[PDB]
Amino acid sequence: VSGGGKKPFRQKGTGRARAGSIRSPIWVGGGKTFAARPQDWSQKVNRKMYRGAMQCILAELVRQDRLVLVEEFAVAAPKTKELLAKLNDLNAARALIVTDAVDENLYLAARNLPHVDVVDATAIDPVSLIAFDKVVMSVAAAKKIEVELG
Amino acid sequence: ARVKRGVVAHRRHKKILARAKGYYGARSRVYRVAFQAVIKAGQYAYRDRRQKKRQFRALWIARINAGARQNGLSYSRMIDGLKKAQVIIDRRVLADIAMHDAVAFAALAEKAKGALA
RNA sequence: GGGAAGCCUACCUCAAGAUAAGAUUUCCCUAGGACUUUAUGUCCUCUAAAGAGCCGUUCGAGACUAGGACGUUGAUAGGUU
RNA sequence: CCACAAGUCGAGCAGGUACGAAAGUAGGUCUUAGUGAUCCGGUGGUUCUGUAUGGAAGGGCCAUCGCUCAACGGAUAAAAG
RNA sequence: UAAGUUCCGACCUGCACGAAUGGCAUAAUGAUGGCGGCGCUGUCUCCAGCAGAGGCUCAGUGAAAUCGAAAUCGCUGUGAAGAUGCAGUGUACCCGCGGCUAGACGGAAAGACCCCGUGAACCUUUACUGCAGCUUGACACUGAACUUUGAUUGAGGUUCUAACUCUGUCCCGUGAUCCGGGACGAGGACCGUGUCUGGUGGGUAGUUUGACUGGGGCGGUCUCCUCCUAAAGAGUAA
RNA sequence: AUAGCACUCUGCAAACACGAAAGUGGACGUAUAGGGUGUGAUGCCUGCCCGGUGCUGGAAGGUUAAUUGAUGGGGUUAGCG
RNA sequence: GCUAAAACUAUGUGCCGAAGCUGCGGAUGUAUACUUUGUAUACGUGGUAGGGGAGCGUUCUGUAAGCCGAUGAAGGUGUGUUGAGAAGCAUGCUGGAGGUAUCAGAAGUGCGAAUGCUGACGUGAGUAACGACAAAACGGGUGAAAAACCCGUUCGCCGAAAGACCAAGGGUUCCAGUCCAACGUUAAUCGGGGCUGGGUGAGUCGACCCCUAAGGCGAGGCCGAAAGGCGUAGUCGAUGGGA
RNA sequence: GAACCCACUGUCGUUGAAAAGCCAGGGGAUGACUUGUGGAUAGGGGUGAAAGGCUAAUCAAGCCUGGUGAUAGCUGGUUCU
RNA sequence: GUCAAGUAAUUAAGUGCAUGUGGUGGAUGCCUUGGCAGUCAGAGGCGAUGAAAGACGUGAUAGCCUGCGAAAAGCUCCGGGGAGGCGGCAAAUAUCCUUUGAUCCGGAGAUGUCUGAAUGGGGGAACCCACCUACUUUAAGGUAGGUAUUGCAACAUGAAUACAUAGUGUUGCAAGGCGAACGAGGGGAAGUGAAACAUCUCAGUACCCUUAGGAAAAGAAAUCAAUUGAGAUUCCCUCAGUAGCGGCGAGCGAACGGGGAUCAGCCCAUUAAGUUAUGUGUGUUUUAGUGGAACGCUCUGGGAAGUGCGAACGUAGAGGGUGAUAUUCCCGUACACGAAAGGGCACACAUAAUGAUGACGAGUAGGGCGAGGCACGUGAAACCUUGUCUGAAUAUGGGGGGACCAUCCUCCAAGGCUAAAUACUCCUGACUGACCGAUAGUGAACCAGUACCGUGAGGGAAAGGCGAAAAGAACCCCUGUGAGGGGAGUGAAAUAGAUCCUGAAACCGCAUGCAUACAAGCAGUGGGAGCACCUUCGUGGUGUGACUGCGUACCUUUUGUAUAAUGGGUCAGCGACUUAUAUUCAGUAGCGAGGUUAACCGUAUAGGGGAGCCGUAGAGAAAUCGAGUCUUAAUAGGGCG
Ligand SMILES: NCCC[C@H](N)CC(=O)NCCC[C@H](N)CC(=O)NCCC[C@H](N)CC(=O)N[C@@H]1[C@H](O)[C@@H](OC(N)=O)[C@@H](CO)O[C@H]1NC1=N[C@@H]2C(=O)NC[C@@H](O)[C@H]2N1
């Protein structure tokens with residue numbers, strides 16, 4: 001805190017409580033007692049523990065029927081309405097789509113849709129696997145995930 | 001995540017001051033004084049919940065003594081006579097009868113004298 | 001029975017807030033309605049006594065007070081002789 | 001026996017020995033005081049170590065030496081008003 | 001002096017005067033210390049009256065320190081041992097104003113005396129340990145000739161100039177008591193400086209200067225063995 | 001503090017003081033001058049002690065620094081075995 | 001207050017007397033059995049320094065493009081009600097735009113004390129005091145209002161300063177009109193107060209200028225780890241010399 | 001003995017008119033005198049007719065900013081169930 | 001009717017409690033043109049062509065702020081844009097400007113007073129005084145230029161002193177000053193810790209001084225290693241708190257080897273890589289800008305973006321505003337275009353320079369004395385630097401391998417240049433936050449380094465909110481033409497009325513109900529009559545509380561406190577066990593005789609990376625052995641297992 005170098009008044013004789021600096025944390029406008037600094041909030045996750053959690057999540061999605069397998073998933077143009085109609089006939093209006101590779105038209109069509117996202121098979125994460133209502137996964141992406149073993 | 005204490009602190013102080021209603025001077029206005037008054041009131045109440053039984057039994061005994069002496073006995077002799085006569089009516093009911101029904105208390109005193117004979 | 005500058009009286013001053021608030025002499029006030037909470041009851045109307053005080057002139061009374069004297073039916077203060 | 005660090009008693013086994021004819025006795029003195037940790041160095045040994053290798057220097061291990069560190073579990077090698 | 005622990009003079013068993021940390025005196029001087037007298041007085045016996053300025057009342061403006069909260073009496077006792085607040089008891093209708101200072105261990109300043117902290121500062125020294133300064137010798141800057149003498153070497157003496165010195169004279173830069181260069185003169189291998197080294201060193205600097213203890217200091221004590229205290233096992237304090 | 005007194009240092013590039021040095025004060029002075037120390041007009045005066053500490057002058061015996069480096073003792077190995 | 005006691009000694013019948021014991025209702029800990037439990041039995045539940053266990057609330061992140069909200073959020077203020085507690089829930093009034101279940105996650109997470117810090121406001125108390133004891137009185141004027149302003153008639157005080165000037169220092173306080181909230185230790189129509197507009201005229205007064213003292217700086221220069229110290233020629237510097 | 005410069009006694013004042021004064025007396029007043037302007041000396045330093053006095057109401061080591069959030073075996077405080 | 005005795009009701013100067021309604025004050029909630037911490041990408045300077053920082057001036061009205069400079073809220077040119085504008089506090093008015101293109105935005109020019117390195121001399125910063133040359137005026141001037149110091153170079157001149165030299169002058173070129181952090185170098189503490197203190201620590205830290213660059217420094221072995229291997233420098237992980245150092249105290253603390261980031265070498269006199277300027281060409285980027293989709297009805301309401309119903313766009317559902325909460329109202333967003341002119345960077349070529357006074361390294365290596373640095377404090381102390389005194393060999397030579405010798409291995413000092421990986425943020429742009437929300441966050445959200453304090457260095461505040469829109473209250477009344485208020489009017493709301501959202505507490509009034517003037521104390525608590533209002537009429541609710549039993553506050557510190565022991569005048573807001581790393585234990589999860597990666601790479605919480613660490617064996621000082629091992633002559637005994 002700015003200033004505060006000198007002793008505000010003499011130690012004895014004034015009748016005041018003793019003070020050493022006007023920037024004492026007791027005083028209004030003084031320093032914070034335990035000032036914070038930038039922190040790193042990352043934790044270590046064991047490789048096996050991460051893989052096991054992903055396997056558990058996928059199995060639970062299969063059990064709860066929130067995972068929908070499709071032979072092929074592609075769009076002919078980067079138009080939002082076409083993807084919306086496809087998702088509606090799949091009855092997957094709110095969904096995370098997982099593909100072997102993200103086609104540019106699919107990405108552009110899905111960009112503006114709320115509650116809809118599109119990801120590569122190698123980019124799934126545990127939070128996104130749980131947050132979305134349903135996961136629409138192509139067979140190629142499913143086999144790549146199988147090779148990765150969760 | 002800075003936390004401001006105003007709302008909760010105000011609620012606590014207001015509750016203490018509300019419990020201090022009716023007290024004299026600073027004891028119903030000033031928190032530091034009112035808080036001490038509430039705690040001491042609680043301590044007094046805890047003690048007096050025991051003192052009340054003693055005081056009321058003393059009152060019953062005094063009224064029974066007055067009735068017995070009107071009927072020619074002392075309290076101790078009447079209690080002894082009732083015990084020997086097997087009557088198990090307690091002092092609260094005995095004092096109620098002594099205060100409100102003289103004839104029934106006279107009958108009880110007669111029973112006590114008969115047992116003492 | 002006697003027996004001390006000692007005690008209670010006796011002498012002087014204060015004293016009924018002595019809430020046990022004491023006593024004596026003299027003086028003053030005696031009208032109509034309504035109602036319900038039928039009672040030293042509540043609203044109206046009419047009455048305002050014997051006295052006390054405010055105010056003024058003041059004091060040998062006085063910090064302020066209190067106390068005393070007087071206010072035209074008058075010598076209370078100042079003046080005048 | 002004992003907070004620790006320490007202190008105390010000890011049958012018995014092996015080797016060498018002294019005195020006894022021998023069974024045996026002897027690991028200081030009738031006993032309980034006659035005392036000083038660690039660090040740092042000195043001396044005698046040693047089948048240990050040895051900064052490229054062979055040595056050596058230095059270090060380690062066993063035995064032993066130097067404190068009235070007496071404020072005697074000893075704050076410094078070194079200090080009065 | 002009526003009465004004199006002070007004063008003046010004298011006496012000399014000076015606890016513990018004494019001759020430039022001066023001795024004994026001394027005219028004048030001192031808002032200097034002690035003692036006495038005249039005059040004078042409210043200093044006092046013993047205070048009285050009067051004048052001004054406050055105090056008091058009215059109108060206007062308008063502080064202070066303090067403050068746990070108060071429905072804030074006396075006495076005797078009790079009790080963290082000196083009570084408005086506890087016990088017993090006595091007295092006491094409610095509220096101001098002018099005065100007063102016996103109490104509220106009244107207000108004021110985290111006691112300055114005393115002790116403690118392995119606190120501080122400054123001062124002293126024949127406390128400890130450094131350093132500045134002063135001083136000694138060796139090596140370097142540092143050279144040339146003769147000579148004499150000590151146990152191959154050391155030491156000494158006398159000359160010289162060319163290193164070096166001059167806060168001496170003259171010339172020039174130059175309008176200049178700085179400085180630089182030049183010419184002399186007086187010195188001269190000395191003095192002086194660098195590195196190393198012995199001595200001295202409260203001038204300066206950082207520090208130390210124990211504990212127990214019927215407060216602390218002074219005195220005594222501080223480790224080990226024997227007896228008693230020690231209450232018939234062990235242990236047990238001053 | 002003082003006029004007066006005494007001791008002592010200082011031969012001039014003075015002693016002494018400031019400064020790291022250059023330099024500056026002393027002093028544009030020169031022992032009848034300058035610095036340090038004590039005493040304190042004036043009158044009469046100022047006794048004894050050099051064992052201690054200091055200062056001044058001797059002495060060249062004992063002790064002692066750097067420097068110098070005579071001897072002696074080890075390490076290593078060509079070689080001999 | 002007590003004397004054939006309400007004293008003392010001895011004996012005997014009763015009774016009073018605690019948060020102790022018993023009775024009735026409720027909570028909680030441990031163990032034993034019910035061969036899940038959350039039901040019975042037995043034994044426990046005073047506590048400083050401490051150790052252990054279980055929770056309530058506050059701010060923020062996700063859940064949340066969800067849910068509540070102008071038919072009224074947060075906040076403030078009452079009332080009622082619930083639990084063993086920290087606390088929760090509902091609702092009247094005020095308020096006028098945000099709030100946020102559940103389950104996880106992170107903490108500037110809870111105040112009465114530290115002669116604690118900042119702001120506001122009390123007690124003392126309408127108390128002390130209103131700053132040289134040179135001194136005031138009356139008539140008229142203006143004005144909402146006059147002891148204090150203006151005019152007039154008297155009284156008193158200073159007069160080696162309480163009068164008149166200069167330098168230093170200050171900076172518009174100078175003059176006029178206008179206003180009285182704040183400032184003026186009272187009121188104020190007055191003011192060194194607010195606002196608006198004016199006002200300082202030099203060859204001779206002073207400064208500037210020429211000159212130098214103490215002292216400062218200092219080309220080169222000498223000295224010093226650097227910064228820098230001193231100093232020559234010079235150049236500044238009045239408190240002094242020059243119409 | 002006035003101005004001027006001081007500060008010996010007493011009362012008052014002590015939340016003062018004043019963080020050192022007023023009043024009544026008092027000392028020096030041609031000198032080692034008082035005073036204006038402008039300069040020099042800077043913190044273990046300066047200056048001191050010497051009291052550890054003075055060095056901006058501060059002095060047995062000035063003030064300011066940094067080391068710095070010095071250290072404190074000491075005192076105080078430490079917030080819901 | 002009189003008297004007597006007994007016994008009710010009746011007062012409030014004032015006070016207490018409760019409730020209602022206010023005042024003061026500014027808490028709380030909601031909010032923010034302000035702060036805090038970062039990521040990515042740039043950039044890393046300004047100045048004698050006069051800087052940073054200032055003084056003064058400049059407007060129709062002109063105080064402050066902003067802009068600008070006597071050409072003065074501005075002038076010229078080019079480009080953009082297309083209906084308004086004459087900067088803000090800050091309205092209002094007047095003069096006006098503008099489709100013949102204003103204001104505004106970008107680029108390039110012109111002007112640019114005085115002080116300040118300040119440089120013609122001086123000086124108390126914003127002032128005083130000058131000289132020379134050219135042109136111009138006729139009077140006591142004007143315009144333009146030149147006039148500092150030091151260093152270097154050329155030219156001229158020139159002493160003692162004969163040549164010379166010193167010295168002196170002119171011209172040309174260059175430098176000085178300021179500013180964040182990081183770099184390099186010259187000096188260099190103490191508080192503290194060691195439970196005292198001197199060696200030691202703190203620490204080569206704080207501070208002072210000099211001086212660069214976009215980075216700097218270092219750098220191509222007279223280096224390590226010890227199977228005869230590696231191969232310049234710099235940075236990160238590990239090795240490892242190990243080996244060692246140490247009043248062997250407190251503490252200090254490596255290296256070898258391994259894994260990564262980045263990779264680069266080139267020269268000493270016909271002279272290299274590289275670097276810097278200038279010019280040309282190509283590429284890229286930057287400084288204004290243009291277009292840019294799609295919503296209606298209904299209900300509540302002051303106002304719709306909210307309710308209900310049904311539509312449209314989406315390569316646009318980022319964000320902000322609009323009278324409450326908007327993809328479709330506005331500005332934007334995705335996307336598609338865009339430059340007269342100027343700037344940055346990259347590559348290529350051309351010309352300069354520089355590298356480069358240096359040609360294999362002698363007062364050098366080594367040595368004696370004293371110090372310093374190495375993790376290493378004199379230690380068995382190698383190695384590096386040097387103040388002082390000395391002093392080689394020079395490839396059949398020399399340095400190192402931690403006293404020293406021999407043998408082996410390895411390198412070539414006394415000459416140089418060199419990018420990257422690394423360090424930082426005064427700045428510029430974009431984006432972000434389990435960061436703050438007016439006592440917080442910068443000291444400063446507001447005319448703040450201001451007011452104020454001090455001689456000075458320096459210290460250093462407080463202070464945000466009417467309303468959607470001023471629609472900021474015409475007019476009437478009281479009053480002094482004051483202040484203030486009551487009406488009226490505006491507004492959804494005026495108890496939103498100007499220091500104006502909400503309006504808490506301390507503290508201070510007024511009104512109503514009950515109690516209270518014969519009674520002694522922490523002010524309550526357990527009982528309990530009466531009164532007033534309400535009422536579901538009671539065995540009820542609210543307020544009060546005669547009379548009565550019991551009862552000496554809280555905190556701290558203590559053997560022990562009502563203590564006359566400490567602290568607190570009261571309220572509101574703030575105020576104290578944290579963070580990082582290492583380690584041990586417990587709980588929980590994964591895997592399990594195995595477990596796990598670190599740096600780093602990585603369109604990046606994934607996936608790679610096995611170096612390293614812990615566990616799986618102990619004994620001994622150690623060599624050594626090993627389910628054993630040490631001790632010993634011992635296979636005995638015994639200690640650790
Ligand atoms: N029934 C009873 C009836 C009684 C009868 N009537 C008689 C009577 O008795 N009458 C009483 C009269 C009442 C009272 N006396 C009147 C009064 O007081 N007038 C005061 C008049 C002057 C006033 N001082 C001016 C003032 O302050 N300006 C402020 C100010 O510059 C500034 O504010 C801050 N921060 O400083 C700024 C903030 O940005 O805002 C300004 N203002 C703005 N407004 C604007 C807005 O809305 N939008 C746009 C922009 O223009 C905004 N800025």
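Lettering follows sequence order; numbering is per chain, from 1. FYI, side chains are in, hydrogens and waters are out, and symmetry mates aren't considered; it's all heavy atoms of this structure.
- Nucleotides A529(I) and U558(I) fail to qualify as a pair under the Watson-Crick or G-U wobble definition, as the contacts are not both shorter than 3.5 Å.
- When the P atom is used for both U58(I) and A72(I), the distance is 12 Å, rounded to whole Å.
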Tell me, for nucleotides 79-103 of chain G in 5' to 3' order, what letter each nucleotide earns: B for a base near a protein heavy atom under 4.0 Å, S for only sugar-phosphate near one, - for neither?
-------SB----------------
Every protein N/O within reach of nucleotides 75-77 of chain H N/O, cut-off under 3.5 Å:
residue : atom : partner  : partner atom : Å
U75(H)  : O2   : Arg18(A) : NH2          : 2.9

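- Among the atoms of the strands shown, only primed sugar atoms or phosphate atoms (P, OP1, OP2) are found under 4.0 Å from some heavy atom of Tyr23(B).
- Using a 4.0 Å heavy-atom distance criterion, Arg10(A) is classed as making no nucleic acid contact.
- For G143(E), the torsion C1'-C2'-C3'-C4' is above zero, which places the sugar in the north, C3'-endo range.
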Give every donor-acceptor pair under 3.5 Å between a side-chain atom in residues 17-46 of chain B and any protein atom, sequence neighbours left out.
residue  : atom : partner  : partner atom : Å
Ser28(B) : OG   : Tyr23(B) : O            : 2.7
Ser28(B) : OG   : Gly25(B) : O            : 3.3
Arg29(B) : NH1  : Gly25(B) : O            : 2.8
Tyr46(B) : OH   : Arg50(B) : NH2          : 3.1

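- Within 4.0 Å (heavy atoms only), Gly20(A) reaches no atom of the nucleic acid at all.
- Across all strands, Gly150(A) comes closer than 4.0 Å to no nucleic acid atom at all (heavy-atom distances).
- Between the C1' atoms of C69(D) and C227(E), the separation comes to 33 Å (whole Å).
- On the P atoms, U200(G) is 37 Å away from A188(G), given to the nearest whole Å.
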Using a cutoff of under 3.5 Å, can you pull out all pairs of nitrogen or oxygen atoms linking the protein to nucleotides 439-441 of chain I, with atom names and distances?
residue : atom : partner  : partner atom : Å
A440(I) : OP1  : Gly29(A) : N            : 3.1

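- Note on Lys84(B): only backbone sugar-phosphate atoms sit closer than 4.0 angstrom, heavy atoms only; bases stay farther off.
- Residue contacts for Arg47(A): at a heavy-atom cut-off of 4.0 Å it reaches a base atom on one of the strands shown.
- Rounded to whole Å, the P atom of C335(I) lies 32 Å from the corresponding atom of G343(I).
- Remark: the bases of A233(G) and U35(H) do not meet in a Watson-Crick or G-U wobble pair with both edge contacts under 3.5 Å.
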Where protein sits on nucleotides 546-555 of chain I, one letter per nucleotide: B base, S sugar-phosphate only, - none, heavy atoms under 4.0 Å:
---BBS-BS-
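- Nucleotides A69(C) and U57(C) are base-paired: the Watson-Crick or wobble atom pairs both lie closer than 3.5 Å.
- At the heavy-atom level, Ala45(B) lies under 4.0 Å from the strands shown only through sugar-phosphate atoms.
- Base-pair annotation: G199(G) with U36(G) fails the Watson-Crick or G-U wobble criterion (two N/O distances, each under 3.5 Å).
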Under 3.5 Å, side-chain donor or acceptor atoms of residues 28-46 of chain A against the rest of the protein: list the pairs with distances, not counting sequence neighbours.
residue  : atom : partner  : partner atom : Å
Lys32(A) : NZ   : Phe34(A) : O            : 3.2

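- Contact annotation for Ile22(A): backbone-only contact, meaning every heavy-atom pair under 4.0 Å involves sugar-phosphate atoms and none involves a base.
- Residue pairs meeting the side chain to side chain donor-acceptor pair (under 3.5 Å) criterion with at least one member in residues 90-107 of chain A, sequence neighbours excluded, are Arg94(A)-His115(A), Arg94(A)-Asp133(A).
- Nucleic acid contact class of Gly13(A) (heavy atoms, under 4.0 Å, all strands): sugar-phosphate only.
- Here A113(G) presents its P atom at 11 Å from OH of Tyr31(B), a figure rounded to the nearest Å.
- The side chain to side chain contact (heavy atoms under 4.5 Å, CB included) check on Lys113(B) picks up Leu73(B), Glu110(B), with sequence neighbours excluded.
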Could you list all N or O pairs between the protein and nucleotides 65-67 of chain G that sit under 3.5 Å apart?
residue : atom : partner   : partner atom : Å
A65(G)  : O2'  : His115(A) : NE2          : 3.3

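- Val1(A) comes within 4.0 angstrom of sugar-phosphate atoms only, judged by non-hydrogen atoms across all strands, and of no base.
- Between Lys53(B) and the phosphate of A19(G), there is no side-chain N or O to OP1/OP2 separation shorter than 4.0 Å.
- Using a 4.0 Å heavy-atom distance criterion, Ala9(B) is classed as a sugar-phosphate-only contact.
- Judged by ring-centre distance under 5.5 Å and interplanar angle under 30°, strand neighbours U38(D) and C39(D) are stacked.
- For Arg69(B), the side chain to side chain contact (heavy atoms under 4.5 Å, CB included) partners two or more places apart in sequence, or in a different chain, are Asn65(B), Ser74(B).
- Using a 4.0 Å heavy-atom cutoff across all strands shown, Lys14(B) reaches sugar-phosphate atoms only and no base atom.
- Residues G221(G) and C230(G) show canonical Watson-Crick or G-U wobble pairing, with both defining distances under 3.5 Å.
- Salt bridge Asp80(B)/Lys83(B): absent, no basic N to carboxylate O contact under 4.0 Å.
- With its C1'-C2'-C3'-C4' torsion above zero, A18(I) shows a north sugar pucker.
- Atom CE of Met49(A) and atom P of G595(I) are 14 Å apart (whole Å).
- Residues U9(H) and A24(H) show canonical Watson-Crick or G-U wobble pairing, with both defining distances under 3.5 Å.
- Residues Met137(A) and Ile145(A) approach most closely at CE-CD1, 3.7 Å, considering heavy atoms.
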Check: residues 69-84 of chain A side-chain donor-acceptor pairs under 3.5 Å, at least two apart:
residue  : atom : partner   : partner atom : Å
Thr80(A) : OG1  : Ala109(A) : O            : 3.4
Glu82(A) : OE2  : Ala76(A)  : N            : 2.7

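- Here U40(C) is in the syn range [glycosidic angle within 90° of 0].
- Nucleotide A517(I) forms a pair with no other nucleotide shown, judged by Watson-Crick or G-U wobble geometry with both contacts under 3.5 Å.
- Partner assigned to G143(G) is none, using Watson-Crick or G-U wobble distances below 3.5 angstrom.
- Residue-level contact check: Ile39(B) touches neither bases nor backbone, having no heavy atom under 4.0 Å from any strand.
- No canonical Watson-Crick or G-U wobble pair links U147(I) to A316(I) with each of its two hydrogen-bond distances shorter than 3.5 Å.
- At a threshold of 4.0 angstrom between heavy atoms, the contacts of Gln39(A) are confined to the sugar-phosphate backbone, with no base atom among them.
- Taken together, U407(I) and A52(D) constitute a Watson-Crick or G-U wobble pair, since both relevant N/O distances lie under 3.5 Å.
- Between the CZ atom of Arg51(A) and the P atom of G590(I) there is a distance of 16 Å, given to the nearest Å.
- If you take atom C1' in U115(G) and the same atom in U566(I), they sit 10 Å apart, rounded to whole Å.
- Nucleotides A106(G) and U59(G) are base-paired: the Watson-Crick or wobble atom pairs both lie closer than 3.5 Å.
- Distance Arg49(B) CZ to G527(I) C1': 15 Å, rounded to the nearest Å.
- No continuous path of hydrophobic side-chain contacts links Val135(A) to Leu90(A) [ILVMFWY only; heavy atoms under 4.5 Å].
- Geometry at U432(I) and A448(I) does not meet the Watson-Crick or G-U wobble definition with both required distances under 3.5 Å.
- For the P atoms, the distance linking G454(I) with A445(I) amounts to 27 Å, nearest Å.
- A463(I) sits 34 Å from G319(I) when the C1' atoms are compared, rounded to a whole Å.
- A side chain to side chain donor-acceptor pair (under 3.5 Å) check over residues 7-24 of chain A, counting only residues at least two apart or in different chains, returns the pairs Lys7(A)-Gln11(A).
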